[PDB]
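K.L.:
Here it is, the structure, as structure tokens.
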Number of protein chains: 2
Amino acid sequence: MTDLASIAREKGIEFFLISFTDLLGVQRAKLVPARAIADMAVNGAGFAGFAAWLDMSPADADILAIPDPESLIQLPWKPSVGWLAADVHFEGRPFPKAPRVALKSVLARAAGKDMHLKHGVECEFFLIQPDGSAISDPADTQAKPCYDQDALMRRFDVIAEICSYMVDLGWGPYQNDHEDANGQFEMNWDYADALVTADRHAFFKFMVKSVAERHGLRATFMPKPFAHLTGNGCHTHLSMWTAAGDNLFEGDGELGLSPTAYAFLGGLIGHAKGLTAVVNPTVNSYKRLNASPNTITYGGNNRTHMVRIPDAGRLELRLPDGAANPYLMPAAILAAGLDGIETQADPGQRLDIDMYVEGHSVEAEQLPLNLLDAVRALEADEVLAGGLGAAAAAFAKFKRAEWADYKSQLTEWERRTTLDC
Amino acid sequence: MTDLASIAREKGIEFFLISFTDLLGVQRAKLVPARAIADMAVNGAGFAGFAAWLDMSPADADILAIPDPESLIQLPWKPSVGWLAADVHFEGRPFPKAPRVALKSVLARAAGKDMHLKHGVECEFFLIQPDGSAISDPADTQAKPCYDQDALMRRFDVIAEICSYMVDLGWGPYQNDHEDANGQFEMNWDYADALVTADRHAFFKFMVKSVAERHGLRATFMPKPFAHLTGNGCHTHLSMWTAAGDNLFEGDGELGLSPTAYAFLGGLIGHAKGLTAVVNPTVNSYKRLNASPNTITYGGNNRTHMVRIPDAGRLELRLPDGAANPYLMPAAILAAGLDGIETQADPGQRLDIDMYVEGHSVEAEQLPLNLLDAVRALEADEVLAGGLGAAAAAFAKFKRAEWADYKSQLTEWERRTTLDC
């Protein structure tokens with residue numbers, strides 16, 4: 001197609017943002033003027049990977065980040081800037097420690113079996129005061145705030161703005177909601193090819209953060225930003241397709257699922273523990289797993305299990321929180337799912353229970369309850385560790401560092417509880 | 001001898017404090033007038049153990065705390081109050097979950113082999129502002145404050161007072177020091193029969209806390225009370241004796257130790273991990289083990305190993321911190337030591353290294369680095385768990401609760417590091 005330089009001329013783009021996601025979900029970007037896009041579209045932009053979360057050294061050569069021209073997004077709030085998602089290349093080949101590179105690998109394995117992952121994201125977020133002390137709306141205070149029309153329309157301006165951008169960009173948004181915590185929201189768009197979805201996820205986090213700042217607010221995807229309120233989820237909708245456009249998950253077993261889906265499901269259940277460290281990747285993530293419901297169970301149309309079946313041909317994975325890496329998250333679910341399929345794994349009986357009331361009477365395999373045990377879990381699950389490749393160890397290394405960091409902090413809790421021993 | 005009522009008349013005691021130490025080292029006491037001492041000396045004082053750290057229920061009968069008349073201490077700063085240490089009795093028998101009861105059990109086992117434990121305590125403590133924000137002396141600020149004559153004599157009044165009390169009570173004190181952190185002190189008295197020492201430890205913590213308050217200050221034994229300073233140790237000096245007054249630890253092997261001592265030592269090294277949860281019993285304890293030196297090694301005249309040999313017939317155990325239970329600490333070291341002796345256990349080679357410089361090159365068995373792993377360690381070491389009896393599980397239960405408590409706190413560290421994911 002027409003080179004990025006040519007688009008830059010027709011559509012009036014003055015600068016490109018060349019962007020990649022590192023192991024921690026941090027967006028690293030670089031701002032290049034149009035007069036330079038041509039050269040980089042082809043050779044990529046040069047960063048020093050040791051400065052980002054990539055487990056590299058100062059002595060290594062600068063990595064090259066090659067833009068995916070198919071990913072261009074003209075910032076709807078600032079049209080002269082062109083945003084681009086990029087693969088980090090190192091010494092010729094794509095760098096297997098960058099998340100988009102790892103996602104694209106797992107996809108290629110699945111591809112060569114005529115299996116195509118498609119997923120949707122439920123990115124919840126709070127809107128907060130710029131200084132982070134409190135939610136953005138002091139009038140949002142009732143016990144059960146969910147779907148509060150009052151508080152919802154109080155933030156219409158910023159919501160509507162971002163939703164309309166999504167309409168224009170073609171993501172096909174269909175709903176905007178106030179969620180179950182004061183100050184918390186969700187905006188939903190259509191499911192798509194994993195890679196498409198992933199980019200959209202990385203960009204959505206940027207847009208909402210960016211737009212909210214322009215309205216003198218702040219967006220946070222943090223798992224548990226307030227001691228007194230529920231946290232941010234990032235539940236995921238999954239479906240496997242053939243190139244021929246057929247839903248491999250749709251079938252005639254129970255609930256409308258095929259045997260293939262139930263092996264995929266078995267894969268999830270099989271790797272739930274190590275999978276946990278990846279979609280609950282921060283010390284803060286583990287407040288949510290210590291409310292009650294930390295047990296490994298599906299499913300059915302029921303919001304009380306680690307997995308839900310909403311409809312024929314779909315699994316909802318109610319495990320990942322807001323801190324989830326947009327590329328590392330699909331990547332790792334895919335790994336565990338392809339295993340389910342390749343080892344014809346057994347999910348076990350369904351359970352139509354409400355686990356909040358009747359989950360104590362069920363004997364159930366339990367998820368890890370803190371980062372360290374979670375990392376330990378990922379480190380032992382070699383099937384998983386292999387599906388992500390060199391990334392897995394890098395991740396584990398960083399998160400073991402973060403653990404130590406958090407544990408070295410002197411809390412008021414320590415001093416209140418121990419000053420008197 | 002003359003009943004406590006008679007002493008009360010000669011020595012002018014108006015009230016008795018009947019005291020016991022619970023699983024957390026908390027001193028539970030009760031204030032009884034002299035007119036009532038007679039009855040309680042014999043039947044004990046009635047508390048409801050469910051209200052203290054004893055793993056009991058409201059439905060249980062009130063425990064009885066029988067004073068040990070041999071332990072009387074007339075508060076040197078308030079002579080009309082008589083302090084007494086007590087065994088918690090429950091339903092006839094001594095309650096095996098109370099620390100003094102557990103210490104006295106292990107001692108009785110050792111006793112029936114003509115083995116008598118004797119130990120000294122190095123109780124370090126900071127003096128702080130009453131509100132706990134800072135050390136008590138703003139003029140104590142140099143890099144290497146240890147043995148600072150200036151700052152030492154700046155707190156002469158309160159030190160000298162407490163030291164002189166110890167002279168009068170017969171504990172045989174021999175030195176008072178400013179320790180290696182700003183605001184931190186140590187006062188040393190003679191070693192003695194474990195049980196004697198233990199009471200003296202429980203009372204020392206009370207006296208220093210009490211006297212310092214009378215001087216408008218505050219004492220803390222907390223492991224790590226300040227982010228910027230070193231912590232409180234509670235190193236212990238150990239020696240085994242026969243009734244005939246002979247030091248079973250004194251011999252002709254290396255360094256002047258007998259084979260018996262080296263099996264005891266082996267016992268320690270053998271149970272170091274599970275022993276850790278007991279003498280490092282708080283979430284706060286684990287800052288000190290994550291400075292560098294968390295490795296299981298003795299020894300010799302060297303302050304870099306988990307164990308030190310200062311002289312013929314003595315082991316110094318450099319493992320316990322200020323939060324250590326005065327009864328649970330001897331109790332548990334004794335257990336691990338009697339095992340060493342009964343299984344003729346092997347400590348391994350000595351190592352005359354400085355572990356701060358040359359400890360990374362040694363392959364060494366590593367202690368647990370956080371409360372939970374520590375509790376796990378104690379739970380698996382059944383030899384140890386058996387030597388303390390019913391206490392061990394109670395302890396483990398409480399500390400697993402404390403862990404959850406600490407992990408449920410929302411720190412500023414979480415919010416600074418995660419608000420932006």
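Within each chain, counting starts at residue 1; across the structure tokens, chains are named A, B, ... in the order shown, with ligands numbered 1 upward in that order.
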Taking only region 7-159 of chain A into account, list the residues labelled alpha helix (DSSP H) by DSSP (computed from the backbone), as an MDAnalysis selection string.

P.N.:
chainID A and resid 7:10 37:43 99:111 149:153 156:159

K.L.:
Using only C-alpha atoms, find the residues of chain B whose closest atom to chain A is at most 8 Å away, then write them as a VMD selection string.

P.N.:
chain B and resid 25 to 26 132 220 to 222 225 to 227 282 to 284 287 290 322 to 323 406 to 411 413 to 415 418 to 421

K.L.:
Excluding region 114-124 of chain A and residues on its chain fewer than 2 positions from it, collect all residues at most 9 Å away from it, counting only C-alpha atoms, and give them as a PyMOL selection string.

P.N.:
chain A and resi 107-112+126+179+184-198+201+204-205+220-221+231-244+248+321-322+330+334

K.L.:
So which one's closest to residue 60 (chain B), B:102, B:48, B:391, B:81? Using only C-alpha atoms, please.

P.N.:
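Going through B:102, B:48, B:391, B:81 one by one, the smallest distance to residue 60 (chain B) is for B:48.
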
K.L.:
Fewer than 6 positions away in the same chain doesn't count, so skip those; otherwise give me all residues within 8 Å of region 350-360 of chain B, counting only C-alpha atoms, as a ChimeraX atom specification.

P.N.:
/B:292-293,297-300,302,304-305

K.L.:
Expressed in Å to a single decimal, how great is the separation between CA of residue 381 (chain B) and CA of residue 340 (chain B)?

P.N.:
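Calculated distance between CA of residue 381 (chain B) and CA of residue 340 (chain B) is 13.6 Å.
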
K.L.:
Identify all residues of region 216-358 of chain A in strand (DSSP E) (DSSP on the backbone) and supply them as a ChimeraX atom specification.

P.N.:
/A:218-220,236-241,307-308,315-317

K.L.:
With N, CA and C atoms retained, could you export that selection as an mmCIF file, in the first residue's frame?

P.N.:
data_model
loop_
_atom_site.group_PDB
_atom_site.id
_atom_site.type_symbol
_atom_site.label_atom_id
_atom_site.label_comp_id
_atom_site.auth_asym_id
_atom_site.auth_seq_id
_atom_site.Cartn_x
_atom_site.Cartn_y
_atom_site.Cartn_z
ATOM 1 N N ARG A 218 -8.212 12.009 35.864
ATOM 2 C CA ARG A 218 -7.186 10.966 35.791
ATOM 3 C C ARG A 218 -7.825 9.593 35.721
ATOM 4 N N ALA A 219 -7.288 8.731 34.869
ATOM 5 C CA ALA A 219 -7.798 7.360 34.794
ATOM 6 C C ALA A 219 -6.791 6.396 35.403
ATOM 7 N N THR A 220 -7.252 5.475 36.251
ATOM 8 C CA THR A 220 -6.375 4.373 36.685
ATOM 9 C C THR A 220 -6.930 2.952 36.431
ATOM 10 N N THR A 236 -11.904 -11.544 30.179
ATOM 11 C CA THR A 236 -11.633 -11.739 28.757
ATOM 12 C C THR A 236 -12.612 -12.710 28.111
ATOM 13 N N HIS A 237 -13.069 -12.363 26.911
ATOM 14 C CA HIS A 237 -13.940 -13.232 26.132
ATOM 15 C C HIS A 237 -13.135 -13.936 25.039
ATOM 16 N N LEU A 238 -13.169 -15.267 25.027
ATOM 17 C CA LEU A 238 -12.344 -16.076 24.129
ATOM 18 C C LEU A 238 -13.164 -16.894 23.128
ATOM 19 N N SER A 239 -12.606 -17.084 21.930
ATOM 20 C CA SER A 239 -13.176 -17.976 20.914
ATOM 21 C C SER A 239 -12.144 -18.378 19.852
ATOM 22 N N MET A 240 -12.132 -19.655 19.491
ATOM 23 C CA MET A 240 -11.188 -20.169 18.502
ATOM 24 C C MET A 240 -11.861 -20.307 17.145
ATOM 25 N N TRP A 241 -11.233 -19.793 16.095
ATOM 26 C CA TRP A 241 -11.842 -19.880 14.772
ATOM 27 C C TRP A 241 -10.921 -20.549 13.749
ATOM 28 N N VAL A 307 -13.943 -19.346 35.634
ATOM 29 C CA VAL A 307 -14.351 -19.314 34.235
ATOM 30 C C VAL A 307 -15.857 -19.337 34.094
ATOM 31 N N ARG A 308 -16.358 -18.614 33.105
ATOM 32 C CA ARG A 308 -17.782 -18.538 32.862
ATOM 33 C C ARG A 308 -18.073 -18.955 31.431
ATOM 34 N N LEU A 315 -15.867 -18.686 25.918
ATOM 35 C CA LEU A 315 -15.495 -18.786 27.320
ATOM 36 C C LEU A 315 -15.145 -17.389 27.813
ATOM 37 N N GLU A 316 -15.634 -17.024 28.994
ATOM 38 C CA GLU A 316 -15.197 -15.794 29.643
ATOM 39 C C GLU A 316 -14.221 -16.168 30.756
ATOM 40 N N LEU A 317 -13.047 -15.545 30.752
ATOM 41 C CA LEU A 317 -12.048 -15.866 31.761
ATOM 42 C C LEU A 317 -12.004 -14.765 32.798
#

K.L.:
Please compute the CA of residue 32 (chain B)-CA of residue 10 (chain B) distance, one decimal, in Å.

P.N.:
17.6 Å

K.L.:
Neighbouring residues of residue 399 (chain B) were defined as those with any atom within 8 Å, considering only C-alpha atoms; residues of the same chain fewer than 4 positions away were excluded. Please report them as a list in words.

P.N.:
residues 281, 282, 371, 375, 395 and 403 of chain B

K.L.:
Can you write just those residues out, N, CA and C atoms, as a tab-separated table (two decimals), in the first residue's frame?

P.N.:
chain	number	residue	atom	x	y	z
B	281	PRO	N	9.42	-13.58	65.07
B	281	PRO	CA	7.99	-13.89	65.06
B	281	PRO	C	7.04	-12.85	64.48
B	282	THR	N	7.53	-11.79	63.83
B	282	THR	CA	6.64	-10.75	63.30
B	282	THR	C	6.98	-10.37	61.86
B	371	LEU	N	7.68	-13.99	56.99
B	371	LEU	CA	6.89	-14.69	58.00
B	371	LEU	C	6.24	-15.99	57.50
B	375	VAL	N	6.72	-19.57	58.88
B	375	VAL	CA	5.69	-20.41	59.45
B	375	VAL	C	5.66	-21.77	58.75
B	395	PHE	N	0.69	-20.68	67.97
B	395	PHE	CA	1.62	-19.71	67.40
B	395	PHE	C	1.42	-19.60	65.88
B	403	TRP	N	0.05	-12.36	59.14
B	403	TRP	CA	0.46	-12.25	57.75
B	403	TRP	C	-0.68	-11.68	56.89

K.L.:
Using only C-alpha atoms for the distances, tell me which of B:207, B:75, B:338, B:275 is nearest to residue 260 (chain B).

P.N.:
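Closest to residue 260 (chain B), using only C-alpha atoms: B:338.
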
K.L.:
So what do you get for CA of residue 135 (chain B) versus CA of residue 175 (chain B), distance-wise?

P.N.:
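According to the coordinates, CA of residue 135 (chain B) and CA of residue 175 (chain B) are separated by 21.9 Å.
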